[PDB]
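Enquirer: The structure's right below; bear with me while I get my questions together.
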Amino acid sequence: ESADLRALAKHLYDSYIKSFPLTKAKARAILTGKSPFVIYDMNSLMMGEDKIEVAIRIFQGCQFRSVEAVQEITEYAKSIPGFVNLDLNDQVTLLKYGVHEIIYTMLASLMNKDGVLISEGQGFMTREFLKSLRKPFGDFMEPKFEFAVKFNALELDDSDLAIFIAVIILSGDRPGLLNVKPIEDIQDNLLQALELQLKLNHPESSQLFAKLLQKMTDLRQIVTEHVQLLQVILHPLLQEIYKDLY
Ligand SMILES: O=C(O)C(F)(F)C(F)(F)C(F)(F)C(F)(F)C(F)(F)C(F)(F)C(F)(F)F
Ligand SMILES: O=C(O)C(F)(F)C(F)(F)C(F)(F)C(F)(F)C(F)(F)C(F)(F)C(F)(F)F
Ligand SMILES: O=C(O)C(F)(F)C(F)(F)C(F)(F)C(F)(F)C(F)(F)C(F)(F)C(F)(F)F
């Protein structure tokens, strides 16, 4: 069992490395100096557009990048053992209600308190420049930075995140699922793999597993806040997902 749980953890990490171009390990090395173009004002944004309405151009740009993120997450989900054996309507339902929770978890790997890496680490857009965008675009990334600073304090690595992301995807309580029991059976196995992984990898963080379970609830609140903010404000694929999260 435990040996199988370590094998499951390794399989997920290997697929995680392949499905996502910029891992947290590489992101933190770029963020700490171990090089991206810094966008900190209107002048550097225009310079960076040449090197790599303004508020609408930014929002539409990340709208396309989020759709590409959905593609990467879908590729990773299909590598989770047992996922492709689920009914295709359940695979689509799990992805539709979970991709944004995954996007914000992985986005945290690209952020610090000062800004976020963009374009596969080629750029770095500051948190305060994003806040300077006209309303309502100036508050569109702020809740994500707030979550990331606290989430990053847990100091998870890529091997932890690969299992954590799989746990979120295999949520048996998404609306419209046909066969809840096989999804819950996979998640329980993933949850045991995650608990074993955190115990081995974080010998000085005794309550890390419990804190991560609470983060999964926080992510649902971030998504709810995000779709409400988007109701006040569009890519046709995202509208398909948003129509069911409103
Ligand atoms: O290309 C990417 O993957 C990206 F850089 F992440 C982005 F999604 F395009 C972006 F984050 F929205 C971006 F970088 F901000 C931007 F390119 F859209 C922009 F804002 F710089 C511009 F003005 F080009 F749209
Ligand atoms: O680093 C980037 O290139 C990026 F665009 F910021 C992103 F990380 F890909 C991103 F997470 F997809 C995002 F665009 F920031 C976003 F998806 F979080 C969003 F802000 F667009 C959404 F609207 F989805 F929250
Ligand atoms: O609108 C539909 O009829 C649809 F096919 F269900 C869908 F909305 F496109 C969707 F499949 F849910 C989806 F949003 F595109 C999806 F995200 F689930 C996905 F299947 F396309 C992806 F693969 F991206 F997860």
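Residues in the structure tokens are numbered from 1 in each chain, the chains being A, B, ... in the order shown, and ligands are numbered from 1 in the order shown.
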Residues near residue 158 (chain A), anyone? I mean within 7 Å using only C-alpha atoms, not counting same-chain ones fewer than 2 positions away, as a list in words.
Expert: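 The neighbour list is residues 23, 24, 25, 156, 160, 161 and 162 of chain A.
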Enquirer: Set the cut-off to 7 Å, count only C-alpha atoms and all ligand atoms, and list whatever residues fall near ligand 2 as a PyMOL selection string.
Expert: chain A and resi 59+62-63+65-66+69+100+103-104+107+110+116-120+141
Enquirer: Restrict the selected residues to N, CA, C and O atoms and save them as a PDB file, in the first residue's frame.
Expert:
ATOM      1  N   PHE A  59      -6.340  42.145 -20.120  1.00  0.00           N
ATOM      2  CA  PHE A  59      -7.364  41.192 -19.705  1.00  0.00           C
ATOM      3  C   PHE A  59      -7.645  40.168 -20.795  1.00  0.00           C
ATOM      4  O   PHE A  59      -7.822  38.979 -20.506  1.00  0.00           O
ATOM      5  N   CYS A  62      -4.627  37.554 -20.933  1.00  0.00           N
ATOM      6  CA  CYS A  62      -4.637  36.491 -19.931  1.00  0.00           C
ATOM      7  C   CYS A  62      -5.835  35.573 -20.119  1.00  0.00           C
ATOM      8  O   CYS A  62      -5.852  34.450 -19.617  1.00  0.00           O
ATOM      9  N   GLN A  63      -6.829  36.044 -20.861  1.00  0.00           N
ATOM     10  CA  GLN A  63      -8.004  35.227 -21.131  1.00  0.00           C
ATOM     11  C   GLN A  63      -7.598  34.087 -22.065  1.00  0.00           C
ATOM     12  O   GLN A  63      -8.021  32.946 -21.889  1.00  0.00           O
ATOM     13  N   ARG A  65      -4.455  33.014 -22.344  1.00  0.00           N
ATOM     14  CA  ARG A  65      -3.489  32.188 -21.629  1.00  0.00           C
ATOM     15  C   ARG A  65      -4.178  31.240 -20.654  1.00  0.00           C
ATOM     16  O   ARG A  65      -3.685  30.132 -20.419  1.00  0.00           O
ATOM     17  N   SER A  66      -5.316  31.647 -20.090  1.00  0.00           N
ATOM     18  CA  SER A  66      -6.053  30.755 -19.201  1.00  0.00           C
ATOM     19  C   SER A  66      -6.662  29.592 -19.974  1.00  0.00           C
ATOM     20  O   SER A  66      -6.731  28.467 -19.465  1.00  0.00           O
ATOM     21  N   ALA A  69      -4.058  27.256 -20.384  1.00  0.00           N
ATOM     22  CA  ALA A  69      -3.847  26.561 -19.117  1.00  0.00           C
ATOM     23  C   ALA A  69      -4.849  25.427 -18.941  1.00  0.00           C
ATOM     24  O   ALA A  69      -4.504  24.358 -18.425  1.00  0.00           O
ATOM     25  N   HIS A 100     -10.209  26.155 -12.686  1.00  0.00           N
ATOM     26  CA  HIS A 100      -9.873  27.457 -12.122  1.00  0.00           C
ATOM     27  C   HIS A 100      -9.260  27.329 -10.735  1.00  0.00           C
ATOM     28  O   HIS A 100      -8.378  28.117 -10.377  1.00  0.00           O
ATOM     29  N   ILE A 103      -5.794  26.453 -11.646  1.00  0.00           N
ATOM     30  CA  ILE A 103      -5.075  27.594 -12.211  1.00  0.00           C
ATOM     31  C   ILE A 103      -4.541  28.490 -11.102  1.00  0.00           C
ATOM     32  O   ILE A 103      -3.386  28.934 -11.143  1.00  0.00           O
ATOM     33  N   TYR A 104      -5.362  28.756 -10.086  1.00  0.00           N
ATOM     34  CA  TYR A 104      -4.943  29.655  -9.019  1.00  0.00           C
ATOM     35  C   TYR A 104      -3.923  29.007  -8.093  1.00  0.00           C
ATOM     36  O   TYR A 104      -3.062  29.705  -7.544  1.00  0.00           O
ATOM     37  N   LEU A 107      -0.808  29.248 -10.281  1.00  0.00           N
ATOM     38  CA  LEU A 107      -0.420  30.649 -10.404  1.00  0.00           C
ATOM     39  C   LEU A 107       0.419  31.094  -9.211  1.00  0.00           C
ATOM     40  O   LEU A 107       1.349  31.896  -9.359  1.00  0.00           O
ATOM     41  N   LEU A 110       4.062  31.124  -9.466  1.00  0.00           N
ATOM     42  CA  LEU A 110       4.646  32.173 -10.290  1.00  0.00           C
ATOM     43  C   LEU A 110       4.648  33.538  -9.616  1.00  0.00           C
ATOM     44  O   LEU A 110       5.168  34.495 -10.197  1.00  0.00           O
ATOM     45  N   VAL A 116       4.109  38.798 -10.597  1.00  0.00           N
ATOM     46  CA  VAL A 116       3.861  37.466 -11.138  1.00  0.00           C
ATOM     47  C   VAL A 116       4.658  37.282 -12.425  1.00  0.00           C
ATOM     48  O   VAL A 116       4.757  38.199 -13.248  1.00  0.00           O
ATOM     49  N   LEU A 117       5.232  36.092 -12.591  1.00  0.00           N
ATOM     50  CA  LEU A 117       5.909  35.743 -13.833  1.00  0.00           C
ATOM     51  C   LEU A 117       4.892  35.478 -14.937  1.00  0.00           C
ATOM     52  O   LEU A 117       3.879  34.809 -14.723  1.00  0.00           O
ATOM     53  N   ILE A 118       5.171  36.003 -16.133  1.00  0.00           N
ATOM     54  CA  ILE A 118       4.286  35.844 -17.278  1.00  0.00           C
ATOM     55  C   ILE A 118       5.096  35.347 -18.468  1.00  0.00           C
ATOM     56  O   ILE A 118       6.323  35.457 -18.507  1.00  0.00           O
ATOM     57  N   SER A 119       4.380  34.795 -19.447  1.00  0.00           N
ATOM     58  CA  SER A 119       4.959  34.332 -20.708  1.00  0.00           C
ATOM     59  C   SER A 119       6.103  33.348 -20.461  1.00  0.00           C
ATOM     60  O   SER A 119       7.231  33.528 -20.923  1.00  0.00           O
ATOM     61  N   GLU A 120       5.785  32.298 -19.699  1.00  0.00           N
ATOM     62  CA  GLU A 120       6.733  31.230 -19.378  1.00  0.00           C
ATOM     63  C   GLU A 120       8.017  31.782 -18.763  1.00  0.00           C
ATOM     64  O   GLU A 120       9.122  31.316 -19.053  1.00  0.00           O
ATOM     65  N   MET A 141      -6.739  40.761 -10.202  1.00  0.00           N
ATOM     66  CA  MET A 141      -5.677  39.857  -9.774  1.00  0.00           C
ATOM     67  C   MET A 141      -5.390  39.917  -8.280  1.00  0.00           C
ATOM     68  O   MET A 141      -4.752  38.996  -7.755  1.00  0.00           O
TER      69      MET A 141
END
Enquirer: Grab me every residue within 9 Å of ligand 1, counting only C-alpha atoms and all ligand atoms, and send it over as a ChimeraX atom specification.
Expert: /A:39,45-46,48-50,52,54-66,68,117-125
Enquirer: With N, CA and C atoms kept, could you save the residues just selected as a short mmCIF file (atom, residue, chain, number, x, y, z; two decimals), in the first residue's frame?
Expert:
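The result, stored in again34.cif:
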data_model
loop_
_atom_site.label_atom_id
_atom_site.label_comp_id
_atom_site.auth_asym_id
_atom_site.auth_seq_id
_atom_site.Cartn_x
_atom_site.Cartn_y
_atom_site.Cartn_z
N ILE A 39 7.67 44.54 -16.08
CA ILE A 39 6.64 45.50 -16.44
C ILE A 39 6.14 46.12 -15.14
N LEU A 45 5.41 48.42 -19.97
CA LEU A 45 4.46 47.51 -20.59
C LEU A 45 4.53 47.61 -22.11
N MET A 46 4.62 48.83 -22.63
CA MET A 46 4.74 49.01 -24.07
C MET A 46 6.08 48.49 -24.57
N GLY A 48 7.75 46.10 -23.15
CA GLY A 48 7.69 44.65 -23.05
C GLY A 48 6.83 44.01 -24.13
N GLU A 49 5.76 44.69 -24.55
CA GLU A 49 4.97 44.21 -25.67
C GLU A 49 5.82 44.11 -26.94
N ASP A 50 6.80 45.00 -27.09
CA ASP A 50 7.71 44.95 -28.23
C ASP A 50 8.85 43.96 -28.03
N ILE A 52 8.60 40.96 -26.08
CA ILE A 52 8.15 39.58 -25.89
C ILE A 52 7.00 39.26 -26.84
N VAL A 54 -5.35 49.65 -22.83
CA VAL A 54 -4.31 48.87 -22.16
C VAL A 54 -4.92 47.84 -21.23
N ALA A 55 -5.87 48.26 -20.39
CA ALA A 55 -6.49 47.33 -19.45
C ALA A 55 -7.23 46.21 -20.16
N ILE A 56 -7.82 46.50 -21.33
CA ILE A 56 -8.52 45.46 -22.08
C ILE A 56 -7.52 44.54 -22.77
N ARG A 57 -6.42 45.11 -23.29
CA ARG A 57 -5.39 44.28 -23.91
C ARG A 57 -4.81 43.28 -22.92
N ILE A 58 -4.58 43.72 -21.68
CA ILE A 58 -4.06 42.82 -20.66
C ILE A 58 -5.08 41.74 -20.33
N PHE A 59 -6.34 42.14 -20.12
CA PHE A 59 -7.36 41.19 -19.70
C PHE A 59 -7.65 40.17 -20.79
N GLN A 60 -7.70 40.61 -22.05
CA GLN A 60 -7.91 39.67 -23.15
C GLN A 60 -6.73 38.74 -23.33
N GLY A 61 -5.52 39.23 -23.08
CA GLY A 61 -4.32 38.42 -23.18
C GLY A 61 -4.27 37.28 -22.18
N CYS A 62 -4.63 37.55 -20.93
CA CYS A 62 -4.64 36.49 -19.93
C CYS A 62 -5.84 35.57 -20.12
N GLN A 63 -6.83 36.04 -20.86
CA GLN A 63 -8.00 35.23 -21.13
C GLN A 63 -7.60 34.09 -22.06
N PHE A 64 -6.76 34.41 -23.05
CA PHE A 64 -6.24 33.39 -23.96
C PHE A 64 -5.26 32.47 -23.25
N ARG A 65 -4.45 33.01 -22.34
CA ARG A 65 -3.49 32.19 -21.63
C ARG A 65 -4.18 31.24 -20.65
N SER A 66 -5.32 31.65 -20.09
CA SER A 66 -6.05 30.76 -19.20
C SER A 66 -6.66 29.59 -19.97
N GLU A 68 -5.33 28.26 -22.64
CA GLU A 68 -4.19 27.37 -22.83
C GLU A 68 -3.85 26.62 -21.54
N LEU A 117 5.23 36.09 -12.59
CA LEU A 117 5.91 35.74 -13.83
C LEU A 117 4.89 35.48 -14.94
N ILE A 118 5.17 36.00 -16.13
CA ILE A 118 4.29 35.84 -17.28
C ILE A 118 5.10 35.35 -18.47
N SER A 119 4.38 34.80 -19.45
CA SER A 119 4.96 34.33 -20.71
C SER A 119 6.10 33.35 -20.46
N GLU A 120 5.78 32.30 -19.70
CA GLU A 120 6.73 31.23 -19.38
C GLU A 120 8.02 31.78 -18.76
N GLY A 121 7.87 32.79 -17.90
CA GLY A 121 9.01 33.36 -17.22
C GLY A 121 9.78 34.40 -17.99
N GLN A 122 9.34 34.75 -19.21
CA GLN A 122 10.01 35.80 -19.96
C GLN A 122 9.72 37.19 -19.41
N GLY A 123 8.59 37.37 -18.71
CA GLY A 123 8.23 38.66 -18.16
C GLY A 123 7.84 38.55 -16.70
N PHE A 124 7.79 39.71 -16.05
CA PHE A 124 7.38 39.82 -14.65
C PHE A 124 6.56 41.10 -14.52
N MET A 125 5.27 40.96 -14.25
CA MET A 125 4.38 42.11 -14.14
C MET A 125 4.08 42.37 -12.67
#
Enquirer: Which neighbours of residue 179 (chain A) fall inside 10 Å, counting only C-alpha atoms, when residues of the same chain fewer than 4 positions from it are skipped, and could you give them as a PyMOL selection string?
Expert: chain A and resi 86-87+89-90+172+183-184
Enquirer: Hey, could you make a per-residue contact list for chain A against ligand 3 with 10 Å as the cut-off, showing the nearest pair of atoms and its distance in Å to one decimal, counting only C-alpha atoms and all ligand atoms, sorted by chain and number, as JSON lines?
Expert:
{"residue": "A:67", "atom": "CA", "partner": "ligand 3", "partner_atom_place_in_ligand_line": "24 (F)", "distance": 7.7}
{"residue": "A:68", "atom": "CA", "partner": "ligand 3", "partner_atom_place_in_ligand_line": "24 (F)", "distance": 9.1}
{"residue": "A:69", "atom": "CA", "partner": "ligand 3", "partner_atom_place_in_ligand_line": "24 (F)", "distance": 9.1}
{"residue": "A:70", "atom": "CA", "partner": "ligand 3", "partner_atom_place_in_ligand_line": "24 (F)", "distance": 5.5}
{"residue": "A:71", "atom": "CA", "partner": "ligand 3", "partner_atom_place_in_ligand_line": "24 (F)", "distance": 6.0}
{"residue": "A:72", "atom": "CA", "partner": "ligand 3", "partner_atom_place_in_ligand_line": "24 (F)", "distance": 9.1}
{"residue": "A:73", "atom": "CA", "partner": "ligand 3", "partner_atom_place_in_ligand_line": "25 (F)", "distance": 8.0}
{"residue": "A:74", "atom": "CA", "partner": "ligand 3", "partner_atom_place_in_ligand_line": "23 (F)", "distance": 5.6}
{"residue": "A:75", "atom": "CA", "partner": "ligand 3", "partner_atom_place_in_ligand_line": "23 (F)", "distance": 8.5}
{"residue": "A:77", "atom": "CA", "partner": "ligand 3", "partner_atom_place_in_ligand_line": "25 (F)", "distance": 9.3}
{"residue": "A:88", "atom": "CA", "partner": "ligand 3", "partner_atom_place_in_ligand_line": "20 (F)", "distance": 9.1}
{"residue": "A:89", "atom": "CA", "partner": "ligand 3", "partner_atom_place_in_ligand_line": "6 (F)", "distance": 8.0}
{"residue": "A:90", "atom": "CA", "partner": "ligand 3", "partner_atom_place_in_ligand_line": "18 (F)", "distance": 9.5}
{"residue": "A:91", "atom": "CA", "partner": "ligand 3", "partner_atom_place_in_ligand_line": "18 (F)", "distance": 7.7}
{"residue": "A:92", "atom": "CA", "partner": "ligand 3", "partner_atom_place_in_ligand_line": "18 (F)", "distance": 4.3}
{"residue": "A:93", "atom": "CA", "partner": "ligand 3", "partner_atom_place_in_ligand_line": "18 (F)", "distance": 6.2}
{"residue": "A:94", "atom": "CA", "partner": "ligand 3", "partner_atom_place_in_ligand_line": "18 (F)", "distance": 7.7}
{"residue": "A:95", "atom": "CA", "partner": "ligand 3", "partner_atom_place_in_ligand_line": "25 (F)", "distance": 4.7}
{"residue": "A:96", "atom": "CA", "partner": "ligand 3", "partner_atom_place_in_ligand_line": "18 (F)", "distance": 4.3}
{"residue": "A:97", "atom": "CA", "partner": "ligand 3", "partner_atom_place_in_ligand_line": "18 (F)", "distance": 8.0}
{"residue": "A:98", "atom": "CA", "partner": "ligand 3", "partner_atom_place_in_ligand_line": "25 (F)", "distance": 9.0}
{"residue": "A:99", "atom": "CA", "partner": "ligand 3", "partner_atom_place_in_ligand_line": "25 (F)", "distance": 7.6}
{"residue": "A:236", "atom": "CA", "partner": "ligand 3", "partner_atom_place_in_ligand_line": "9 (F)", "distance": 8.9}
{"residue": "A:237", "atom": "CA", "partner": "ligand 3", "partner_atom_place_in_ligand_line": "15 (F)", "distance": 5.7}
{"residue": "A:238", "atom": "CA", "partner": "ligand 3", "partner_atom_place_in_ligand_line": "14 (F)", "distance": 6.8}
{"residue": "A:239", "atom": "CA", "partner": "ligand 3", "partner_atom_place_in_ligand_line": "8 (F)", "distance": 8.1}
{"residue": "A:240", "atom": "CA", "partner": "ligand 3", "partner_atom_place_in_ligand_line": "8 (F)", "distance": 4.6}
{"residue": "A:241", "atom": "CA", "partner": "ligand 3", "partner_atom_place_in_ligand_line": "14 (F)", "distance": 5.0}
{"residue": "A:242", "atom": "CA", "partner": "ligand 3", "partner_atom_place_in_ligand_line": "14 (F)", "distance": 8.7}
{"residue": "A:243", "atom": "CA", "partner": "ligand 3", "partner_atom_place_in_ligand_line": "8 (F)", "distance": 9.0}
{"residue": "A:244", "atom": "CA", "partner": "ligand 3", "partner_atom_place_in_ligand_line": "8 (F)", "distance": 9.0}
Enquirer: At a cut-off of 9 Å, using only C-alpha atoms, what residues contact region 202-210 of chain A? Leave out same-chain residues fewer than 5 positions from it and give the result as a PyMOL selection string.
Expert: chain A and resi 154+156+194-195+197+215
Enquirer: Restricting the calculation to only C-alpha atoms: of A:30, A:11, A:136, A:101, which residue gets closest to residue 217 (chain A)?
Expert: A:101
Enquirer: Can you check which residues of chain A DSSP gives as helix (DSSP H, G or I) on the backbone and send them as an NGL selection string?
Expert: :A and (2-19 or 24-32 or 42-51 or 54-77 or 88-96 or 99-108 or 127-132 or 137-139 or 142-152 or 158-169 or 180-201 or 208-232 or 236-242)
Enquirer: DSSP says strand (DSSP E or B) for which residues of region 104-223 of chain A? Put them as a PyMOL selection string?
Expert: chain A and resi 111-112+115-118+123-126
Enquirer: Do you have the CA of residue 233 (chain A)-CA of residue 132 (chain A) distance handy?
Expert: 16.9 Å
Enquirer: For residue 140 (chain A), please output as a ChimeraX atom specification all residues within 9 Å (counting only C-alpha atoms; exclusion window: fewer than 6 positions along the same chain).
Expert: /A:59,130-131,226,229-230
Enquirer: Take the selection from the previous step and output its residues with C-alpha atoms, as a PDB file, in the first residue's frame.
Expert:
ATOM      1  CA  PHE A  59      -7.364  41.192 -19.705  1.00  0.00           C
ATOM      2  CA  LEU A 130      -1.989  45.503 -12.063  1.00  0.00           C
ATOM      3  CA  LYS A 131      -3.725  47.406  -9.257  1.00  0.00           C
ATOM      4  CA  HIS A 226     -13.719  35.633  -9.412  1.00  0.00           C
ATOM      5  CA  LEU A 229     -16.230  40.003 -10.530  1.00  0.00           C
ATOM      6  CA  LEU A 230     -16.443  38.724 -14.107  1.00  0.00           C
TER       7      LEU A 230
END
Enquirer: Between CA of residue 47 (chain A) and CA of residue 35 (chain A), what is the distance in Å, rounded to a tenth?
Expert: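 According to the coordinates, CA of residue 47 (chain A) and CA of residue 35 (chain A) are separated by 15.7 Å.
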Enquirer: Between CA of residue 164 (chain A) and CA of residue 225 (chain A), what is the distance, to one decimal in Å?
Expert: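 Spanning CA of residue 164 (chain A) to CA of residue 225 (chain A) is a straight-line distance of 21.8 Å.
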Enquirer: Which residue gives the smallest distance to residue 10 (chain A) among A:142, A:102, A:193, A:40, with only C-alpha atoms counted?
Expert: A:193
